[PDB]
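Below is one structure, written out as structure tokens, with a few remarks after it.
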Protein chains: 2
Amino acid sequence: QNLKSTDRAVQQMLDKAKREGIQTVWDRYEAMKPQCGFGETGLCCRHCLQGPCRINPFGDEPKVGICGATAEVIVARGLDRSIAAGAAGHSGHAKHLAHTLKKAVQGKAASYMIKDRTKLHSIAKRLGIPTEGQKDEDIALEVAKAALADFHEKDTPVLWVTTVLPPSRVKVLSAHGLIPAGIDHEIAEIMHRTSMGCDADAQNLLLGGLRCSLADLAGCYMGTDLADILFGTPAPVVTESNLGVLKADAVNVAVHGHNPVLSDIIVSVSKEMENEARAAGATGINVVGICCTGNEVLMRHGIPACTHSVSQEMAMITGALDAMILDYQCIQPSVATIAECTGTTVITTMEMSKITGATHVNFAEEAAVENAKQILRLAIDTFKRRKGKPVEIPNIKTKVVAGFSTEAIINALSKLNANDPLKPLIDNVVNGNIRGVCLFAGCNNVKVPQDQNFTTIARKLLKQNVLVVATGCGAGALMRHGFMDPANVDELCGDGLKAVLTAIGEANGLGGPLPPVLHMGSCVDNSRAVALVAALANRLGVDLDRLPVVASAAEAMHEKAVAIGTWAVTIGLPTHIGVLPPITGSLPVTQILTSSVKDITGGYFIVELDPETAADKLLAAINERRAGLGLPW
Amino acid sequence: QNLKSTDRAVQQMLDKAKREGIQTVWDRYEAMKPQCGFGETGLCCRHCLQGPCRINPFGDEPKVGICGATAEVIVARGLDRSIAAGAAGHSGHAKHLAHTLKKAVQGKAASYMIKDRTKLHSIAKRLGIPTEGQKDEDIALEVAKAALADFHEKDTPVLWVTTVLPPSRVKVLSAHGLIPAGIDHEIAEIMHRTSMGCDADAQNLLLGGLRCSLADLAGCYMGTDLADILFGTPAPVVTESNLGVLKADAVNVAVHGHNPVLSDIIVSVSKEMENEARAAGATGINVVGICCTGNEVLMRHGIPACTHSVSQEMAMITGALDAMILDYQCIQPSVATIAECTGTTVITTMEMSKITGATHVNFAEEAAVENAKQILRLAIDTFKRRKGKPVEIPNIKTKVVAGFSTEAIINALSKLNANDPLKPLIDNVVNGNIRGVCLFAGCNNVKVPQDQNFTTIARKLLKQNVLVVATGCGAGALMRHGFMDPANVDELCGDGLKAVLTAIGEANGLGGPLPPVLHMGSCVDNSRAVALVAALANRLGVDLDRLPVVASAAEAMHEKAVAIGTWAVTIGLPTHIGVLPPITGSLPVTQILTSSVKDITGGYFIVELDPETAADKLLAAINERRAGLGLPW
Ligand code: SF4
Ligand code: SF4
Ligand code: FES
Ligand code: FES
Ligand SMILES: [Fe+2]
Ligand SMILES: [Fe+2]
């Protein structure tokens with residue numbers, strides 16, 4: 001079982017699933033081997049009804065698609081569609097929040113409100129929306145309207161790109177035609193240009209992909225911005241992670257998917273339904289997180305994280321998960337079938353994301369509290385059904401310090417330098433106590449023993465004094481292995497980094513260091529890392545492609561992760577991916593993505609499946625940037 | 001060679017390509033056999049980096065995707081993405097025209113203008129835009145703004161759906177949640193819901209596909225509307241088709257792709273460059289059409305059609321094609337490589353559709369005449385290079401009567417009944433002289449001997465007194481085989497249909513019948529068939545699903561054709577497809593699309609690869625509708 005997951009709680013549940021005859025994602029993967037080599041290399045096209053077409057990576061025919069599409073066209077078109085799909089997810093999330101904010105301030109959804117007025121005003125200023133003598137509700141209406149306007153063409157480009165990157169970066173991108181005109185406009189143009197008999201030049205196709213990836217960035221940044229307005233900007237919080245956060249004697253409710261519009265309300269209503277739960281024989285409702293919506297409520301409310309990504313089924317296998325409340329994205333549809341075995345009530349809530357066999361309870365923002373109560377009463381009923389049934393919750397959890405929004409990191413640093421908060425961080429980059437910054441992002445992937453790449457790479461980087469930040473299920477991996485517990489600083493961190501984390505933590509009152517890794521939130525909250533890195537660039541007067549900052553999507557899975565990796569490259573970062581994207585069937589495309597793009601954006605992909613080697617390559621990238629700034633390394 | 005194409009001109013050029021060692025689409029198809037059975041059946045998924053996943057149609061594992069995606073989820077998700085891709089193409093075309101109209105009336109593109117003021121006013125009225133006391137330029141600005149507004153969410157749904165179908169049809173669709181909210185909004189929502197871990201219910205997914213197909217319909221209708229405003233509504237015209245329209249002693253220029261914004265200007269500028277051409281030793285510039293942009297200039301200007309779809313390379317093989325001027329969609333990228341062999345100058349013009357090895361000449365609507373002259377001078381130079389080179393133009397052409405816009409059909413009918421023009425058509429449906437109506441649409445496909453299904457089905461239907469209309473490369477097939485020459489009425493048509501075509505043609509002055517098949521235009525001009533059928537529905541006071549009207553995408557290829565077939569079903573038509581879409585790997589999805597959808601929209605797919613059987617099934621569908629109206633059959 002350690003060949004499947006490096007998480008001991010997951011291993012324990014894999015043994016339980018095995019002896020109970022419950023098929024898991026790992027079993028489904030085994031049943032898929034050997035996987036198709038055409039698909040693995042990207043040398044397959046189904047873009048018209050003359051297909052399917054394939055190209056042998058090596059040897060004899062077929063060498064070309066039926067319409068004449070070359071390997072580099074086919075590979076580039078497939079990649080572009082994955083970027084567009086990712087952009088569609090993050091920006092769909094953002095759109096949902098924009099409509100929620102609009103309804104809130106129009107009096108149509110009283111369960112929602114402006115919680116972070118300071119954030120609202122800062123965003124308005126950034127967008128050029130007047131605030132002086134205006135009512136907050138009117139400012140918010142204008143911010144929501146601006147968010148929606150960025151989905152289509154208008155007299156300005158996408159402001160959630162052009163107003164969040166430094167002017168010099170916008171200039172580089174504009175010179176290459178990479179600034180998106182509208183989010184949904186770019187998604188549609190990708191689908192058009194990649195359809196049969198359209199774009200058939202690899203460089204042209206890939207430039208289109210870079211532009212669409214910036215539409216994805218805009219959607220991420222918009223989603224973080226609007227969620228902070230509505231639900232509060234995260235600040236440091238302490239909680240726990242892993243399956244041991246479930247409680248046999250409570251009604252255990254997982255929030256799973258992505259959007260806090262749903263989960264945030266589940267959290268607050270669950271508190272109000274405590275004596276209902278107790279009337280049912282439970283101690284209360286224990287809300288726990290899975291995937292990014294779990295990260296959202298962890299960051300804002302300290303809701304403990306149950307599990308993440310590939311291991312999500314394992315929460316159900318305990319026998320203790322009374323409900324799994326879903327919105328969209330990254331939910332294995334197997335959960336609907338496993339629920340039949342485990343007793344769990346799986347509940348979908350969004351019209352565009354249903355799962356055959358799950359109960360659907362429409363969630364309307366206009367009726368959010370009532371809908372939440374209906375959902376939570378299903379969960380209480382489920383608890384009652386498992387009275388007297390044995391459960392097997394692994395007694396395995398870690399302590400997690402999280403909540404490191406960009407605002408929170410600046411505020412923490414400000415305790416060392418009140419009027420120049422980024423300077424103490426830069427000072428320690430310059431003196432070598434901080435070698436550079438690495439963002440871990442993205443998924444787990446069944447092909448990689450769960451968490452092995454994240455923890456292997458992070459350990460090497462921490463020992464080398466890298467400041468490590470994380471989001472999504474990368475943060476999930478790290479938190480479940482103790483990388484968010486300050487008690488582990490002495491073991492994990494180099495002496496430089498330890499000194500810095502200790503100095504900040506002591507100056508912020510909590511008699512000890514910051515944690516080894518800073519949790520910056522959900523996958524849309526990769527945008528927070530952009531805000532931090534853009535602020536450093538502006539403070540230093542250099543573009544992002546000069547900074548000693550890298551990213552690693554160490555165990556990537558979703559199309560969303562492909563989009564994020566691509567915008568990380570587009571904004572100027574060396575960006576590791578630890579699984580193979582379907583590009584190796586075309587050397588010219590691989591060379592563009594890993595080498596020639598450096599001449600366009602300054603960023604580049606590092607494709608490396610061996611995590612020790614990946615760590616070495618990431619350190620080399622950081623140190624090259626250090627040398628370019630005239631720094632020792 | 002007759003096993004490849006039933007077109008004798010194509011056969012002749014296949015012999016020339018063979019003896020010259022020039023690889024064709026048919027050769028590339030042969031080199032692809034046997035094709036992947038997983039892709040053919042739709043049982044393959046590459047929506048995340050855990051894939052590729054496949055499902056055996058029958059037998060043992062794999063039985064399910066790695067995430068738990070079932071065969072019916074996988075099939076439905078793939079189909080939905082193809083619909084979204086098609087919608088992205090037609091609506092991208094429409095968007096381009098909307099921006100062109102806006103520039104024209106704002107004084108930014110003087111090469112363009114309002115040519116059809118009557119059409120402009122009719123569209124404005126339909127959309128609810130005031131015209132009384134308004135300047136045409138202001139009305140046009142408002143129409144262009146409305147077109148652009150339909151791409152995104154707003155306070156109304158997509159007006160290029162809701163204002164073009166009868167209220168009772170809008171009501172049916174709205175009750176099922178099928179009216180699109182915005183064109184690009186729907187495309188993006190499809191990409192989201194079909195990404196990993198989102199929608200996983202076949203019926204839900206397919207309803208999403210139906211709604212996205214209506215976004216495609218909107219794009220088609222918008223494209224026809226705007227092109228008519230800018231370039232004129234078609235009226236009956238006489239021209240010729242097939243490779244014999246090329247002229248060895250002229251500069252032969254093919255317009256290929258889709259958008260008249262390009263081709264229309266090539267036509268008018270080519271006339272002005274006649275003595276330049278003659279100075280070069282040519283008789284003039286001979287503009288000829290390929291694919292839909294060829295159909296656009298055929299319909300409006302009588303520009304002869306060279307060839308279509310699968311056989312497009314054959315125009316180059318003659319040795320006489322001096323230039324091929326491209327915008328986007330349905331262009332085999334092989335043309336860039338074949339041009340090296342044949343001498344032809346292949347020229348791309350749009351930023352999102354380039355082909356490695358082709359010359360790119362940006363075309364800006366603001367500079368259209370100058371850009372056109374630059375392009376045409378490349379073509380004249382190419383002519384000069386082939387002085388003294390033998391060419392082989394098959395001496396094979398047909399006469400084509402075309403230009404049957406809906407307005408043109410109504411006007412023709414009005415010669416028999418001035419104030420109730422649809423009544424003579426309905427009278428002859430009722431008395432059985434016209435059994436029903438069949439629309440042929442869509443592509444050729446290399447899997448089917450070229451044109452075999454279109455001509456086989458059309459011959460059977462015509463003998464059975466069906467009024468046959470055609471668009472796109474279905475019209476192309478029919479015209480190249482003589483179905484648009486009135487001289488062939490006695491041979492092809494049943495006595496009822498012959499009597500009707502004769503009575504209309506005689507009443508319209510041209511001493512003989514209308515042609516056997518009415519050419520209604522390009523693929524976006526499938527929207528014209530909708531306008532005709534909606535007008536018949538309104539005149540009879542019934543919905544479209546009661547009318548004896550069917551469609552046949554007899555040799556479908558592009559994602560666009562999938563989208564069109566799907567909206568034909570959604571608006572209420574029995575819709576034949578003569579190639580296998582990738583759905584047969586899921587019986588539940590197949591049953592929805594071919595049977596249960598009848599209970600939702602009244603329409604349904606008829607999947608039938610044998611064209612004699614397809615004809616029988618289409619006649620049975622027509623006659624079932626006749627019986628439902630209380631008519632003899
Ligand atoms: S677009 Fe070209 S390569 Fe793709 S399936 Fe169609 S013929 Fe094959
Ligand atoms: S979305 Fe599911 S079925 Fe598709 S490639 Fe990923 S794991 Fe496989
Ligand atoms: S041939 Fe296997 S992914 Fe298409
Ligand atoms: S296994 Fe062949 S299309 Fe994927
Ligand atoms: Fe996520
Ligand atoms: Fe077309």
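Order of appearance sets the numbers: ligands from 1, and atoms from 1 within every ligand. Here is the naming used below: chain letters follow the sequence lines, and residue numbers restart at 1 for every chain. Any value given below was found using the heavy atoms of this structure, including those in side chains, with hydrogens, waters and symmetry copies removed.
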List ligand 4 atoms under 4.0 Å from B/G39, heavy atoms only on the residue side. 3 (S)
Sub-4.0 Å atoms of ligand 1 with respect to non-hydrogen atoms of A/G51: 5 (S)
Flag the pair B/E559 / A/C48 as yes when at least one side-chain heavy-atom distance between them is below 4.5 Å, and no otherwise. no
What is the nearest protein non-hydrogen atom to atom 5 (S) of ligand 1, stated with its residue, atom name and distance? A/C45 O, 3.4 Å
Let me check your reading of the structure: within less than 2.8 Å of the Fe ion (ligand 5), is there an N/O/S atom from A/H558? no
Considering heavy atoms of the protein only, find what lies nearest to atom 2 (Fe) of ligand 1 and give residue, atom and distance to 0.1 Å. A/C67 SG, 2.3 Å
Tell me, do A/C67 and A/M196 make a side-chain contact under 4.5 Å, heavy atoms counted? yes
Within the 6.0 Å centroid threshold, strictly below: B/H258 and B/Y328: no
Looking at ligand 1, is there an atom of it that comes within less than 4.0 Å of some heavy atom belonging to A/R77? yes
Between B/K354 and A/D201, does at least one N-O distance fall below 4.0 Å, as a salt bridge requires? no
Has B/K4 got a side-chain atom pairing as donor or acceptor with B/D27's backbone, closer than 3.5 angstrom? no
Does this structure show an ion pair linking A/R528 with A/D228, if we count only N-O contacts that are shorter than 4.0 Å? yes
Is A/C473 close enough to the Fe ion (ligand 5) that one of its N, O or S atoms comes in under 2.8 Å? no
So, do B/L326 and B/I355 sit near enough that their side-chain heavy atoms are less than 4.5 Å apart? yes
Atom 4 (Fe) of ligand 4 sits nearest the protein heavy atom B/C44 SG, 2.3 Å
Shortest protein heavy-atom distance from atom 6 (Fe) of ligand 1, along with the residue and atom involved: A/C48 SG, 2.3 Å
Top protein contact for atom 8 (Fe) of ligand 1, by heavy-atom distance: A/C53 SG, 2.3 Å
cation_pi(A/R54, A/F38) dist<6.0 Å, angle<=45: yes
So if I count the atoms of ligand 1 from 1 in the order they appear, which ones are less than 4.0 Å from some heavy atom of A/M196? 1 (S)
Distance from atom 2 (Fe) of ligand 4 to nearest protein heavy atom, with residue and atom: B/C36 SG, 2.3 Å
